[PDB]
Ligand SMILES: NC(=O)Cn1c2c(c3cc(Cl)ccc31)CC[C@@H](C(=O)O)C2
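Shown here is one chain on its own, the form deposited without the named molecule, set out as structure tokens.
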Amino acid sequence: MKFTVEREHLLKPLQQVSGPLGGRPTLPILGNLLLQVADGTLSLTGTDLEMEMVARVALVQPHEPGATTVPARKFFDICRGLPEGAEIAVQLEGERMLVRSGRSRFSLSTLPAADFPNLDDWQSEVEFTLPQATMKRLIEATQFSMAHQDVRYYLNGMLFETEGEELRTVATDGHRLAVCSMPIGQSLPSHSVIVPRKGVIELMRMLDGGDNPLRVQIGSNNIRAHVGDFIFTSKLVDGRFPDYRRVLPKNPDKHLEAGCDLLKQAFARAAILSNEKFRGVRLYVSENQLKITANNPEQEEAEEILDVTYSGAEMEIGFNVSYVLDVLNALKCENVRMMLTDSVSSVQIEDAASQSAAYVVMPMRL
């Protein structure tokens, strides 16, 4: 195996296939990158045995086919540390990979490519394309509502659902939920899968905000995403994910509208004097007014009063203010709508000018 590639044509793929900072790995070889030269292409692969990242680099300079594996971080750091425009010449010498550029020389330990884990081929059952910006919006809208290392593994992931011409994400941890839907202009089969946290992170990381579209393929136990000359694949998560349709309050009779930032800053200040564990705040809604209160065990108290748009019946309700602040921070908009029912029911929160995303927060008895 031999190749010579310009620094700039290696750096991006090497970064693409790096994956998360974890370790120590199950096998030593999982800390290595698989390098394969065949048919005029260098392929670079990283895996943790469940997800896999593969980049392809066309080789315009002379090259010889073959494969090896090398320490991923060291190889990347070497390439990154070389000067702009550097010609990175790679070859094998016994059990080492030689990397040479100008008067810089490196010798890295290898492990056999034949020993690198090859995940099984699988069959696509659902396929669609969408802009990178749409995937970005879908994941960012909901990601914060995924559970955190819950024993119910399925809540730690994110639902991806096709219905009609829309892709939808749902995330929930039992206490609050987020759902976002976006049209992608294709007739889709009705289907849903659960992508694990680590897969969601990589789906986000692979977006570069350039013009390449995202091509997705869903199998029975896997999902693949292609962007340019990069492929990411992840296992799916088993389990039945909650139906968002059952979580949206059935028929909220009361609607409140307010400036997002004004509302956010009022909750943020009140939150300072809320219980550090339970984070409870109380809302009192009245004609065009919201009063927010908070107190903690040492009897410190916050009160905020705001003008808002509200003509419904007066009511009182408690919420975990972190959950509310999470939502207002994910809504990146001028005005918000809160859809209420009563003090023992959930609230739905949305951009006042868009129903693309909805958020549900359950009340607290206070």
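For clarity, a rigid core is taken as the largest C-alpha set superposing within 1.5 Å between two forms. Each residue number is its position in the shown sequence, starting from 1.
Same protein, other form: the form solved in complex with the named molecule, not shown, and the subject of what follows.
Placing the named molecule by C-alpha superposition of the site, using its position in the deposited bound form, leaves the pocket blocked: at least 3 ligand atoms lie within 2.4 Å of backbone or C-beta atoms here.
Heavy atoms within 4.5 Å of the named molecule in the deposited bound form belong, among the stretches 126-134, 80-88, 110-118, 166-174, to residues of 166-174.
The closest heavy atom approach of residue 154 to the named molecule in the deposited bound form falls within 4.5 Å. Residue 228 falls outside the set of residues with a heavy atom inside 4.5 Å of the named molecule in the deposited bound form. Contact between residue 366 and the named molecule in the deposited bound form is not found at the 4.5 Å heavy atom cutoff.
Of the heavy atoms in residue 247, some are within 4.5 Å of the named molecule in the deposited bound form. Screening 71, 242, 219, 259 for any heavy atom within 4.5 Å of the named molecule in the deposited bound form leaves a single hit, 242. Just one of 86, 236, 271, 206 moves its Cα by 2 Å or more between the shown form and the other one on a rigid core overlay, and this residue is 86. After superposing the rigid core, the C-alpha of residue 164 moves by less than 2 Å between the shown form and the other one. Shown in the overlay between the shown form and the other one, fitted on the rigid core, is a CA shift at residue 102 of 2 Å or greater.
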